[PDB]
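Report on the structure given below.
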Number of protein chains: 2
Amino acid sequence: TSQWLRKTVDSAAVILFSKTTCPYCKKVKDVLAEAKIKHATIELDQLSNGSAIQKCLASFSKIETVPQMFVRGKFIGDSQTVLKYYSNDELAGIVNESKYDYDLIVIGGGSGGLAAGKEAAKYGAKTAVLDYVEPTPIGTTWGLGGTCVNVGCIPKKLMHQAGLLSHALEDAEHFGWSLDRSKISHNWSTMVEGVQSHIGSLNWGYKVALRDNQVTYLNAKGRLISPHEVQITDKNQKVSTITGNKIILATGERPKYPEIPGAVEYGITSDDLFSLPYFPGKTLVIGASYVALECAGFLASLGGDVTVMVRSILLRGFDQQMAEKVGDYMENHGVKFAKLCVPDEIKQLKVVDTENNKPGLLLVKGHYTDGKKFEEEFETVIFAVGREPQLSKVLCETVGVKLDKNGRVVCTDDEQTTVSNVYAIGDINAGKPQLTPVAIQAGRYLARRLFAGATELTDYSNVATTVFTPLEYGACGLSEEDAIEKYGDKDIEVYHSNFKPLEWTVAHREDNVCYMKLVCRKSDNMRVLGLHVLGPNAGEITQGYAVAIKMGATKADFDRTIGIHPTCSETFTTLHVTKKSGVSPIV
Amino acid sequence: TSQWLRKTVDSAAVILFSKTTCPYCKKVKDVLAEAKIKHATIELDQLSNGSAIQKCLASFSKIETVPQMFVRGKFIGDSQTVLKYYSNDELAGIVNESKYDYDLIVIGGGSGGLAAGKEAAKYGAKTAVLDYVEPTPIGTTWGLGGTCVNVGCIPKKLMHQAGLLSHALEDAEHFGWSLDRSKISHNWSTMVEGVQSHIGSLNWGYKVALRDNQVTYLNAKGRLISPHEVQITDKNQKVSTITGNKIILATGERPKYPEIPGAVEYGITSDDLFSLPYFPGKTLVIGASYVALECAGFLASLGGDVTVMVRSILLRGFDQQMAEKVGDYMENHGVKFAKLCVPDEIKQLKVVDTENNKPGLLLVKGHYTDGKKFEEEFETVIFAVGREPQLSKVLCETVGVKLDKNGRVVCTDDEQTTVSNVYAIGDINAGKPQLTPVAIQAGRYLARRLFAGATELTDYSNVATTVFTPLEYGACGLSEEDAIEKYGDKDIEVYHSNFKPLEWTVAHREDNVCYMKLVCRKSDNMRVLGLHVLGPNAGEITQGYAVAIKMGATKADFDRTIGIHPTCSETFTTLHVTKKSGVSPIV
Ligand SMILES: Cc1cc2nc3c(=O)[nH]c(=O)nc-3n(C[C@H](O)[C@H](O)[C@H](O)COP(=O)(O)OP(=O)(O)OC[C@H]3O[C@@H](n4cnc5c(N)ncnc54)[C@H](O)[C@@H]3O)c2cc1C
Ligand SMILES: Cc1cc2nc3c(=O)[nH]c(=O)nc-3n(C[C@H](O)[C@H](O)[C@H](O)COP(=O)(O)OP(=O)(O)OC[C@H]3O[C@@H](n4cnc5c(N)ncnc54)[C@H](O)[C@@H]3O)c2cc1C
Ligand SMILES: C=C1C(=O)C=Cc2ccccc21
Ligand SMILES: C=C1C(=O)C=Cc2ccccc21
Ligand SMILES: [K+]
Ligand SMILES: [K+]
């Protein structure tokens, strides 16, 4: 309790201890509101041990009454001392007094960093957010908001949507719409322009949002040179230094290139794909990550000639039964796979036409595991062979922020690095799921612990995911193989079923391709250890179930729940075929 | 325990008490399997009080060992007596010996009745399912499977889908597809033909399914004349009588007509809509149920001129804030509403063209609450002014099955009517949510209690729903107004937010129309009392959350869960604006 309280007092920029039923508190609140002074507030009457807290406060203030106002680790006064400060118009300089230029500097203006920034400023923390987008080899760059906004989830899903509309056009005819499909084509550059216009509205909405929370935004490359000092290089190359109490590292990752001749010069990554000025044309995706398969899938649904070169397996780290079903759907729907194949070199045959927005032309040479040569021409070659942080570009090694062997930041469960005022969130936080909503929740929850005395940690267990392949794949919890490894085969029951979306019946799409399973623990009341679903809208299906699983759902909790009919998701409420039973999951 | 056991013994058609680790049991199992004798099995080693049960069994068998086999309330033997019966080829006549023609007669071959039938036969119950479809006034009729399959959820959602594809065609252009929309039209009869072909495959799949579980299917009108006697009229008018141990009434409801001149002669209901041989054309829907709005919505999205005549409010019994938002979306997207208006008469101006499949033409006369006359021409007039059971057509009043004032069957929480061998499931069970998955779960769970010694009851609390209006509306739990009425305003907190599907950004659809809220109980740890969402795929969104709510989810359980990005459903995991705060839910 006093451990909690001295952390809180030391860390908050401007915090008020208070009670709901306290008119002097309210008059402090109103004076600060009226003064445009943002602050955290702890209502001691709403905590089970507010009494203990009010008492231990005397260790900081020499008093035990509410209101108590602190600034940057130091008691400032009760009601009368605040009004004294206000009426003398000394309050501004009081609440702005700091050893440092800022209470918080965020390095990286992405998902985690913007969320942490905004939330901190809400409680009075003087905040600066730094963001700079180092260009890709071909010079692609973009605005504020990080990987998801600009070159990730947002444009990725929009282009997935454009792909799904392909199949909407096909389905439309069976549902009675008179459509001349022989005279329908897709225009890559019209789609990119719409995608990029929505992104620009996000770049701009984030700038505006920072402005509206009095966050300082610096489009500058940050480098942490000591615990509290960040050296910024601006657009001009002008160098300067700013100081901050807390530092949040939220710099994300960038795509890796394979170390082969031609890769950097002639290939592209997802960084370039989503603003590509020309239709990629006949495309080779090298990789097997969810990024690789997502991109191949939508390019193929847009009518493209698409090949995916796979070294070993699809979606390493995901349930491999589900990965195979993902892959099988894509193969039967236009995506070619060069299985057990690696690339040796990219040779240029045509340069990109900057004039007519046409792709160039490339010769990809590689080899299969069976010794046969791979040699084929593609207009575009995309690498999706993983991503890596670039922290030597951000961290003077002298500061003492410890990195792991992969270059990610080693953190405690409250995101603290080995430099105690420096935290790391998002993709660079070693061992955490690399997902936008995780980074947002981490940054916001961290900001609350730093600046408003919260204690809640981010829960990184059982974080649900969706892969937006042509047929989508959502999961929450363990893969079937990881559950068996953890608990043993004898203790695992798997219930499963195929299903067919009603939307697919009249459209003449496949029976017994969509599929779901619950991976359960026999010895723990058939606890649901992992949920897996392959089918349309798989993220909408999966999300709600993640709440139940977080609460410890069992098979019996699924069974008790009544279905919504007609939906895909309702099939989770009637599963009865187990894998051990050997009975077929088909319907 | 002995109460449970004598119910079980009396009711099961063919049940075996047993243990997993019992070779004589297995040899009984295998002889019966080999004999094609279906039966229930209770493994006493898997119940906490299997010991007490094995003991109390001596009250029925004079023995205390496993295996113990019963038929229709009477001990039949241990291992040796069964093999004795088998080897003498007396076992068939033993397990077929019954006071009654059937162990179970289901009256009504719909959602509940087919599910109860199939599940009962699984455990050896000799089962007959009766179904007959009394024609609509214009002579429409259909095949096996009940209201949902033929004239409800299935064709309703398929035509909703055909409507959604309309908006897919519009969206397609913004996502880059070159589409001449000025030359696209919808063909009603092509859609109906696809819809009806899928229905026929369900009619046929249900027949096949009954055949494969040795259920007898009689396309005959059933009438219960005494507790155990059903009088059947067949296609021919040939009358006969069959007897059954247990009777399940699962006869559903039929559409009501308003008592006004012309309604029966010239209007139609949903019963007729889904196989209508002609495009309805300019249509008037009289009503404000979810059926009324669902039908108006898809007709309008198919290009139709659609008017809905509303007496008072939309969707009485649903959250009225959500109903208004549903209605507002439809008004801004092509549906006209004649508010506070009732019909007085339907006059015919043109007869339906049976030849060219063109609608007729009707004059609808009515009056508004303000005294102004309503008079307008429509090609089709649909009544969706509620539904009612027709039990006098099924129940000789002499049998003693008690009905309520609305003609529905008064039941205990195990679906038992006031005639103890007669149960009621589905829409005719008074006070229960009238939904297909409820009826399926009730029928299956009931069948298990009757014929395999199960005890689990159906849980009718917090049953989630989705209304498939043009913008869909899913709910689970209480409306905001019912929660306030139950607990009082002071004890209710409502968190809410607008949201925008990512799919809508590039498509230029509305900000701040989709919407969700959690209705919570302050004094019970912010327990989620009701969840409400308006937006695409609202049934996929809502379903998973119904499991969490069944488990007692609180706001904190929602907050702890990490979102899947990008999805609509993820917004439930980050809600923070309360209604009391007066802060706007817009984003
Ligand atoms: C193709 C692709 C698709 C994806 N799809 C999804 C999805 O569908 N759902 C999901 O949840 N996640 C998805 N992700 C992951 C998601 O993008 C990341 O989890 C998220 O963007 C990372 O948040 P972050 O804050 O860690 O880093 P980022 O979002 O990458 O932000 C880091 C920012 O800091 C900048 N920066 C780097 N160094 C400096 C420096 N010295 N000074 C100043 N600024 C610097 C970076 O240029 C960047 O702008 C996808 C990723 C990719 C590559
Ligand atoms: C337009 C409409 C849309 C709907 N959409 C949905 C939805 O989207 N999701 C959902 O969950 N629910 C929906 N419903 C409700 C759903 O249809 C019902 O809950 C379900 O069909 C009722 O199941 P049941 O077994 O009670 O009766 P029914 O399905 O109606 O089956 C009763 C059967 O018994 C027959 N019968 C009647 N009398 C006799 C007799 N004497 N002898 C023999 N047979 C007889 C009947 O003709 C019928 O075939 C919808 C209903 C309507 C009208
Ligand atoms: C296992 C696979 C599959 O099923 C389909 C495609 C594929 C491609 C590359 C590697 C493996 C697979
Ligand atoms: C409250 C309504 C609304 O918002 C829109 C349409 C409507 C139609 C009939 C009755 C009420 C409404
Ligand atoms: K269920
Ligand atoms: K959350």
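Neighbour counts run over all protein chains shown; Cβ positions are idealised from the backbone, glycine included. Each answer follows from the model by the rule given with it, or from the source it names; nothing here is a laboratory result.
Give B:547, B:528, B:467 a once-over and let me know the one that is within 16 Å of ligand 4 (Cβ to nearest atom), under 28 Å from the mean Cα position of the chain (by Cα) and hydrophobic (A, V, I, L, M, F, W, C).
From the options B:547, B:528, B:467, the qualifying one is B:467.
In the list A:147, A:136, which residue meets the criterion of being touching a residue at least 60 places away in the same chain (Cβ under 8 Å) and farther than 24 Å from residue B:501 by Cβ?
Details: A:147 fails: farther than 24 Å from residue B:501 by Cβ.
Result: A:136 is the single residue among A:147, A:136 that is touching a residue at least 60 places away in the same chain (Cβ under 8 Å) and farther than 24 Å from residue B:501 by Cβ.
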*asked:* With the structure loaded, tell me whether residue B:407 is outside any strand (DSSP E or B), away from chain A (no Cβ under 14 Å), in contact with an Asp or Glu (Cβ under 7 Å, 6 or more places away or on another chain) and of a type in the set (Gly, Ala, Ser) or whether it fails that test.
replied: yes
*asked:* If I go through the range A:212-232 residue by residue, how many of them are within 13 Å of ligand 1 (Cβ to nearest atom) and either surrounded by 16 or more Cβ atoms within 10 Å (Cβ to Cβ) or free of Cβ contacts under 8 Å to residues at least 40 places away in the same chain (or both)?
replied: 11
*Any residue in the range A:142-153 that is at the interface with another protein chain (Cβ under 8 Å from one of its Cβ atoms), within 30 Å of residue A:425 (Cβ to Cβ) and in a helix (DSSP H, G or I)?*
yes
_Residue satisfying all of: in the range A:275-292; crowded, with 20+ Cβ neighbours inside 10 Å, within 14 Å of another protein chain (Cβ to nearest Cβ) and over 23 Å from residue A:464 (Cβ atoms); nearest to ligand 1 (Cβ to nearest atom) among these_ = A:280
*asked:* Just to check your reading of the model, which residue among B:36, B:27, B:62 is under 25 Å from residue B:126 (Cα atoms) and free of Cβ contacts under 8 Å to residues at least 40 places away in the same chain?
replied: B:36
*Residues located in the range A:293-316, provided they are away from every other protein chain (no Cβ under 14 Å) and buried (at least 24 other Cβ atoms within 10 Å of the Cβ)*: A:293, A:295, A:296, A:297, A:306, A:308, A:309, A:314
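Select the helices (runs of 4 or more DSSP H) contained entirely in the range B:213-325, then report the ones holding at least 2 residues which are within 16 Å of ligand 4 (Cβ to nearest atom) and not assigned by CATH to the domain that holds residue B:452.
B:290-301
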_Enumeration of residues in the range B:308-327 that are within 22 Å of residue B:282 (Cβ to Cβ) and among the hydrophobic types (A, V, I, L, M, F, W, C)_ = B:308, B:309, B:310, B:314
*Please specify each residue of the range A:505-516 satisfying the condition of being more than 10 Å from chain B (Cβ to nearest Cβ) and surrounded by fewer than 24 Cβ atoms within 10 Å (Cβ to Cβ).*
A:509, A:510, A:511, A:512, A:513, A:515
*Go over the candidates B:283, B:251 one by one and state the one that is more than 22 Å from the chain's Cα centre (by Cα) and either of a type in the set (S, T, N, Q) or within 16 Å of ligand 5 (Cβ to nearest atom) (or both).*
B:283
*Tell me which residues, restricted to the range B:364-406, are on the phi > 0 side of the Ramachandran plot and within 11 Å of ligand 2 (Cβ to nearest atom).*
B:386
*Looking at (1) surrounded by fewer than 18 Cβ atoms within 10 Å (Cβ to Cβ); (2) closer than 30 Å to residue B:505 by Cβ, find the lone condition where residue B:176 falls short.*
(1)
*Go through (1) under 26 Å from residue B:570 (Cβ atoms); (2) among the aliphatic types (A, V, I, L, M); (3) touching a strand residue (DSSP E or B) at 6+ places or on another chain (Cβ under 9 Å); (4) more than 16 Å from ligand 3 (Cβ to nearest atom) and name the single condition residue A:534 misses.*
(4)
*asked:* With the requirement that a residue be in contact with a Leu (Cβ under 8 Å, 6 or more places away or on another chain) and either aromatic (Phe, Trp, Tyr) or surrounded by 13 or more Cβ atoms within 10 Å (Cβ to Cβ) (or both), what does the range B:351-374 give you?
replied: B:360, B:361, B:362, B:363, B:364, B:368
_Criterion violated by residue A:138 - all others in (1) out of contact with any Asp or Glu (no Cβ under 8 Å at 6 or more places or on another chain); (2) outside any helix (DSSP H, G or I); (3) under 28 Å from residue A:360 (Cβ atoms); (4) hydrophobic (A, V, I, L, M, F, W, C) satisfied_ = (1)
*Do we have residue B:240 as over 16 Å from residue B:149 (Cα atoms) and within 14 Å of chain A (Cβ to nearest Cβ) here?*
no
*Provide a single number: the residues in the range A:556-572 that are more than 7 Å from every other protein chain (Cβ to nearest Cβ) and surrounded by fewer than 23 Cβ atoms within 10 Å (Cβ to Cβ).*
3
*Of all the residues that make up the range A:160-178, how many are among the small types (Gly, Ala, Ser), in contact (Cβ under 8 Å) with a residue 12 or more places away in the chain and facing chain B (nearest Cβ under 8 Å)?*
2
_the range B:529-555, residues that are within 16 Å of ligand 2 (Cβ to nearest atom) and at the interface with chain A (Cβ under 8 Å from one of its Cβ atoms)_ = B:537, B:539, B:540, B:541, B:542, B:543, B:546
*Of all residues in the range B:179-211, count the ones that are more than 9 Å from chain A (Cβ to nearest Cβ) and buried (at least 21 other Cβ atoms within 10 Å of the Cβ).*
3
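Listed here are the residues, each with its yes/no results for (1) outside any loop (DSSP other than H, G, I, E, B); (2) of a type in the set (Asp, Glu); (3) at the interface with another protein chain (Cβ under 8 Å from one of its Cβ atoms).
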residue: B:427; (1), (2), (3): yes, yes, no
residue: B:432; (1), (2), (3): no, no, no
residue: B:448; (1), (2), (3): yes, no, no
residue: B:453; (1), (2), (3): no, no, no
residue: B:456; (1), (2), (3): no, yes, no
residue: B:462; (1), (2), (3): no, no, no
residue: B:466; (1), (2), (3): yes, no, yes
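So which residues in the range B:329-363 are outside any strand (DSSP E or B) and more than 30 Å from residue B:535 (Cβ to Cβ), if there are any at all? Please lay out each step first, then the result.
First pass over the range B:329-363, keeping only residues outside any strand (DSSP E or B): B:329-334, B:340, B:351-352, B:354-357, B:359-360.
Matches in the range B:329-363: B:351, B:352, B:354, B:355, B:356, B:357, B:359, B:360.
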*Subset tally (residues that are assigned to a helix (DSSP H, G or I), surrounded by 24 or more Cβ atoms within 10 Å (Cβ to Cβ) and away from ligand 1 (no atom under 16 Å from the Cβ)) for the range A:536-555*: 5
*Pick from the range B:283-316, criterion of a type in the set (D, E, K, R) and touching a strand residue (DSSP E or B) at 6+ places or on another chain (Cβ under 8 Å), ranking: nearest to ligand 2 (Cβ to nearest atom)*: B:294
*Sort through B:130, B:158 and tell me the only one that's under 20 Å from residue B:539 (Cα atoms), hydrophobic (A, V, I, L, M, F, W, C), crowded, with 24+ Cβ neighbours inside 10 Å and more than 16 Å from ligand 6 (Cβ to nearest atom).*
B:158
*In the range A:42-87, what residues are basic (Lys, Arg) and more than 15 Å from residue A:2 (Cβ to Cβ)?*
A:62, A:72, A:74, A:84
